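Okay, so here's the structure we're looking at.
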Protein chains: 2
Amino acid sequence: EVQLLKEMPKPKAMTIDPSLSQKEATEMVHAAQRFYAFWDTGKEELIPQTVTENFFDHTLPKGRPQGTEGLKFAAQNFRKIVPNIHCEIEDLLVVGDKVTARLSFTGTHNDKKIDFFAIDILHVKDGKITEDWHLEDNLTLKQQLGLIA
Amino acid sequence: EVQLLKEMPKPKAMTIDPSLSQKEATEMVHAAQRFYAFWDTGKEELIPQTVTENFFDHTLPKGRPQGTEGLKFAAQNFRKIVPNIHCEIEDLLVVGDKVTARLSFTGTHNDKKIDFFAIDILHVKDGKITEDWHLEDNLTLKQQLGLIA
């Protein structure tokens, strides 16, 4: 099995392609753990450790910068609305060069509880994320924030 | 290699766990194809060929009934507002008993282009989908429909 990184989010459920070597599988699981540790903590030093310099978001939210600068922007922004935001990995699916993560995000926005999920697909090369497709339940989040319905 | 079913959405890209037998990989891909054929067409006769009778959506949109009856509801309900709608499979990731699908939905509404994406995680047992976790970019859609700013 893969030895998970301590002090970073541990997947609640996981499926790993067994044709991957121990080194390969570890580095893919490790990349995802760093990515979600970044979303859980906002520690910007994790960015160059986790994604490549040419990181590309195929599902770029409106007004988020493309690339690594967009990751900084997004994490700070999420912390503006939800200062105590927390990210957990519900399920992690690792195959070939791809990783699917299903995430749960929780916290408080002033006097309102926040609770929404997300699903991401990561392309991982040599232990770093080169590109992603991701989606958060933005309608649920906007309602919870008091912005909609 | 998997021999895809004709006259149903074909994945534009796929990654399949090498450890799955041809038969195991094929029945998982075919369930995905039938599932997105149903979303593309609304043909209810696909449902019992695709999902188990006790199918369970873990991430049920507000207003959607649970189970197979909710699949039928959703297909009809969507076409009342956007009948010119089409579903394509952008990417399919197949590993263990799980399938991740990334979808593109395109069409028109009034004199405007509809174009949004979804990501689904499917649990497949013996060639049928037993449960899922999925997210459609509904905020983007509502924006395209002129409902949300």
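Within each chain, counting starts at residue 1; across the structure tokens, chains are named A, B, ... in the order shown, with ligands numbered 1 upward in that order.
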
- Query: Would you give me, as number ranges by chain, the residues in chain B that DSSP reads as alpha helix (DSSP H)?
  - Reply: B: 22-41, 47-50, 68-81, 138-144

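Chain copies chain B and chain A align, over all their C-alpha atoms in order, to a least-squares RMSD of 0.6 Å.
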
- Between B:2, B:29, B:71, B:95, which is the closest to chain A once you count only C-alpha atoms?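 Among the listed residues, the smallest separation from chain A belongs to B:95.
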
Per-residue nearest contacts of chain A to chain B (9 Å; only C-alpha atoms) as a tab-separated table:
```
residue	atom	partner	partner_atom	distance
A:15	CA	B:96	CA	6.4
A:16	CA	B:95	CA	7.3
A:17	CA	B:17	CA	5.7
A:18	CA	B:19	CA	6.9
A:19	CA	B:19	CA	6.6
A:59	CA	B:117	CA	8.7
A:93	CA	B:95	CA	7.2
A:94	CA	B:95	CA	7.5
A:95	CA	B:17	CA	5.9
A:96	CA	B:15	CA	6.5
A:97	CA	B:15	CA	8.2
A:98	CA	B:93	CA	7.7
A:99	CA	B:93	CA	8.6
A:100	CA	B:100	CA	7.2
A:102	CA	B:133	CA	8.5
A:117	CA	B:135	CA	8.9
A:118	CA	B:135	CA	7.6
A:119	CA	B:119	CA	6.8
A:120	CA	B:119	CA	7.9
A:121	CA	B:119	CA	8.5
A:133	CA	B:102	CA	8.6
A:134	CA	B:119	CA	8.0
A:135	CA	B:137	CA	7.0
A:136	CA	B:135	CA	7.8
A:137	CA	B:135	CA	6.9
A:138	CA	B:139	CA	6.5
A:139	CA	B:139	CA	5.7
A:148	CA	B:148	CA	8.7
```

Can I get the selection written as a compact mmCIF listing (two decimals), in the first residue's frame, with N, CA and C atoms?
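Okay, result11.txt is ready:
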```txt
# COMPACT_ATOMS: atom_id res chain seq x y z
N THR A 15 -9.36 4.14 -4.04
CA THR A 15 -9.13 3.06 -5.00
C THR A 15 -7.89 3.39 -5.81
N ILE A 16 -6.92 2.47 -5.87
CA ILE A 16 -5.69 2.70 -6.57
C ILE A 16 -5.41 1.64 -7.62
N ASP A 17 -5.05 2.10 -8.81
CA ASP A 17 -4.64 1.25 -9.92
C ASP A 17 -3.47 0.39 -9.44
N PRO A 18 -3.66 -0.93 -9.37
CA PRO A 18 -2.58 -1.77 -8.85
C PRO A 18 -1.42 -2.04 -9.79
N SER A 19 -1.46 -1.55 -11.01
CA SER A 19 -0.34 -1.73 -11.93
C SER A 19 0.74 -0.67 -11.69
N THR A 59 -11.45 24.52 -16.08
CA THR A 59 -12.79 24.89 -15.59
C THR A 59 -12.69 26.11 -14.71
N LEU A 93 -9.61 8.36 -6.26
CA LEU A 93 -9.60 7.32 -7.32
C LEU A 93 -8.38 7.58 -8.22
N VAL A 94 -7.38 6.71 -8.18
CA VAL A 94 -6.09 6.93 -8.85
C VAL A 94 -5.89 5.85 -9.95
N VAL A 95 -5.73 6.30 -11.19
CA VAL A 95 -5.59 5.41 -12.34
C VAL A 95 -4.78 6.06 -13.46
N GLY A 96 -3.82 5.33 -14.00
CA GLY A 96 -2.95 5.86 -15.04
C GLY A 96 -2.29 7.13 -14.50
N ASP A 97 -2.53 8.25 -15.19
CA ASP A 97 -1.97 9.55 -14.84
C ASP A 97 -3.01 10.49 -14.24
N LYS A 98 -4.18 9.96 -13.89
CA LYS A 98 -5.31 10.79 -13.47
C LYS A 98 -5.71 10.43 -12.03
N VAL A 99 -6.27 11.42 -11.36
CA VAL A 99 -6.82 11.27 -10.00
C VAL A 99 -8.18 11.96 -9.91
N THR A 100 -9.21 11.25 -9.43
CA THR A 100 -10.46 11.89 -9.06
C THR A 100 -10.52 12.05 -7.54
N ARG A 102 -13.23 13.37 -4.47
CA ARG A 102 -14.53 13.92 -4.03
C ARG A 102 -14.28 14.53 -2.67
N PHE A 117 -19.97 20.24 -1.21
CA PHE A 117 -19.03 19.27 -1.75
C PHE A 117 -18.50 19.71 -3.11
N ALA A 118 -17.49 18.98 -3.55
CA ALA A 118 -16.85 19.23 -4.81
C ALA A 118 -16.29 17.97 -5.40
N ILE A 119 -16.06 18.01 -6.71
CA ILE A 119 -15.42 16.89 -7.39
C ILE A 119 -14.38 17.48 -8.35
N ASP A 120 -13.17 16.93 -8.28
CA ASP A 120 -12.07 17.35 -9.12
C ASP A 120 -11.48 16.16 -9.83
N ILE A 121 -10.95 16.42 -11.01
CA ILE A 121 -10.14 15.48 -11.80
C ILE A 121 -8.76 16.16 -11.99
N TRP A 133 -9.69 19.72 -13.87
CA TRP A 133 -11.09 20.07 -14.15
C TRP A 133 -11.77 19.96 -12.80
N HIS A 134 -12.49 20.97 -12.35
CA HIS A 134 -13.08 20.86 -11.00
C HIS A 134 -14.40 21.56 -10.93
N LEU A 135 -15.23 21.15 -9.98
CA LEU A 135 -16.50 21.75 -9.79
C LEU A 135 -16.90 21.70 -8.33
N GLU A 136 -17.28 22.85 -7.81
CA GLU A 136 -17.82 23.00 -6.45
C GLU A 136 -19.33 23.21 -6.59
N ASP A 137 -20.09 22.85 -5.56
CA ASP A 137 -21.53 23.03 -5.58
C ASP A 137 -21.83 24.50 -5.21
N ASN A 138 -21.61 25.37 -6.21
CA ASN A 138 -21.63 26.82 -6.07
C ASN A 138 -23.03 27.34 -5.80
N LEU A 139 -24.05 26.63 -6.27
CA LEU A 139 -25.41 27.07 -6.01
C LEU A 139 -25.73 26.84 -4.54
N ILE A 148 -28.28 34.07 -2.58
CA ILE A 148 -29.28 33.56 -3.52
C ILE A 148 -30.36 32.83 -2.74
```

- Message: My list of candidates is A:149, A:103, A:28, A:47. Which is closest to residue 70 (chain A) when distances are computed with only C-alpha atoms?
- Response: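 Of the candidates, the smallest distance to residue 70 (chain A) is held by A:47.
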
- Query: residue 146 (chain B): which residues within 12 Å, counting only C-alpha atoms, same-chain residues fewer than 5 positions away excluded, as a PyMOL selection string?
  - Reply: chain B and resi 109-114+139-141

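Atom pair CA of residue 132 (chain B) / CA of residue 56 (chain B) has a distance of 6.7 Å (rounded to one decimal).
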
From a DSSP calculation on the backbone, collect every residue of region 30-146 of chain B in strand (DSSP E or B) and output the set as a short mmCIF file (atom, residue, chain, number, x, y, z; two decimals) with C-alpha atoms, in the first residue's frame.
```cif
data_model
loop_
_atom_site.label_atom_id
_atom_site.label_comp_id
_atom_site.auth_asym_id
_atom_site.auth_seq_id
_atom_site.Cartn_x
_atom_site.Cartn_y
_atom_site.Cartn_z
CA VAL B 51 -28.89 1.09 -13.14
CA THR B 52 -29.98 -1.39 -10.45
CA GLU B 53 -33.55 -1.23 -9.22
CA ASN B 54 -32.28 0.19 -5.90
CA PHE B 55 -30.09 2.89 -7.52
CA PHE B 56 -29.23 5.65 -5.04
CA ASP B 57 -28.04 9.21 -5.73
CA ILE B 85 -29.94 19.79 -25.27
CA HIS B 86 -27.17 17.24 -26.00
CA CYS B 87 -24.77 15.29 -23.75
CA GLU B 88 -21.21 14.15 -24.64
CA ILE B 89 -18.64 12.23 -22.59
CA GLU B 90 -15.40 14.20 -22.49
CA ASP B 91 -13.41 11.81 -20.34
CA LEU B 92 -13.96 8.45 -18.64
CA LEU B 93 -11.65 7.13 -15.82
CA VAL B 94 -12.20 3.44 -14.99
CA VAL B 95 -10.66 1.83 -11.87
CA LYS B 98 -15.65 3.10 -9.92
CA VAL B 99 -16.09 5.20 -13.07
CA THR B 100 -15.52 8.96 -13.24
CA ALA B 101 -17.20 10.72 -16.14
CA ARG B 102 -16.67 14.30 -17.22
CA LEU B 103 -19.58 15.52 -19.34
CA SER B 104 -20.33 18.43 -21.68
CA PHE B 105 -23.94 19.58 -22.15
CA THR B 106 -24.61 21.86 -25.10
CA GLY B 107 -27.64 23.35 -26.81
CA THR B 108 -29.64 26.53 -26.99
CA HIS B 109 -32.21 28.48 -25.01
CA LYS B 112 -28.55 31.93 -26.64
CA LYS B 113 -25.91 29.17 -26.49
CA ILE B 114 -26.07 26.67 -23.62
CA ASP B 115 -22.76 25.07 -22.71
CA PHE B 116 -21.97 23.68 -19.27
CA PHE B 117 -20.15 20.74 -17.77
CA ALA B 118 -20.66 18.03 -15.13
CA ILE B 119 -18.52 15.45 -13.28
CA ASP B 120 -20.01 12.17 -12.01
CA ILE B 121 -18.61 9.35 -9.94
CA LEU B 122 -20.40 6.05 -10.62
CA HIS B 123 -20.21 2.84 -8.55
CA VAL B 124 -20.67 -0.15 -10.89
CA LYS B 125 -21.36 -3.74 -9.76
CA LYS B 128 -24.84 -1.87 -13.54
CA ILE B 129 -24.58 1.44 -11.70
CA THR B 130 -25.66 1.00 -8.07
CA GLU B 131 -25.08 4.55 -6.78
CA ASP B 132 -23.52 7.86 -7.72
CA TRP B 133 -22.15 11.22 -6.68
CA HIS B 134 -22.41 13.95 -9.27
CA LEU B 135 -22.38 17.69 -9.85
CA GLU B 136 -23.59 19.77 -12.80
#
```

Mind checking which residues fall within 8 Å of residue 49 (chain B), counting only C-alpha atoms, ignoring those fewer than 3 positions away in the same chain, and posting them as a PDB file with N, CA and C atoms, in the first residue's frame?
```
ATOM      1  N   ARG B  34     -24.531   3.878 -21.638  1.00  0.00           N
ATOM      2  CA  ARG B  34     -25.993   3.798 -21.562  1.00  0.00           C
ATOM      3  C   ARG B  34     -26.530   4.870 -20.656  1.00  0.00           C
ATOM      4  N   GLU B  45     -36.444   3.267 -21.415  1.00  0.00           N
ATOM      5  CA  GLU B  45     -36.156   1.845 -21.502  1.00  0.00           C
ATOM      6  C   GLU B  45     -34.673   1.531 -21.218  1.00  0.00           C
ATOM      7  N   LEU B  46     -33.810   2.539 -21.278  1.00  0.00           N
ATOM      8  CA  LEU B  46     -32.379   2.360 -20.934  1.00  0.00           C
ATOM      9  C   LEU B  46     -32.169   2.160 -19.447  1.00  0.00           C
ATOM     10  N   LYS B 128     -23.845  -2.906 -13.773  1.00  0.00           N
ATOM     11  CA  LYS B 128     -24.837  -1.867 -13.540  1.00  0.00           C
ATOM     12  C   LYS B 128     -24.429  -0.863 -12.472  1.00  0.00           C
TER      13      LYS B 128
END
```

- Message: Residues near residue 127 (chain A), anyone? I mean within 8 Å using only C-alpha atoms, not counting same-chain ones fewer than 5 positions away, as a count of residues only.
- Response: 6

- Query: CA of residue 39 (chain A) and CA of residue 75 (chain A) are how many Å apart?
  - Reply: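 A separation of 6.4 Å between them.
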
- What is the CA of residue 37 (chain B) to CA of residue 9 (chain B) distance in Å?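 Computed distance, CA of residue 37 (chain B) to CA of residue 9 (chain B), equals 6.0 Å.
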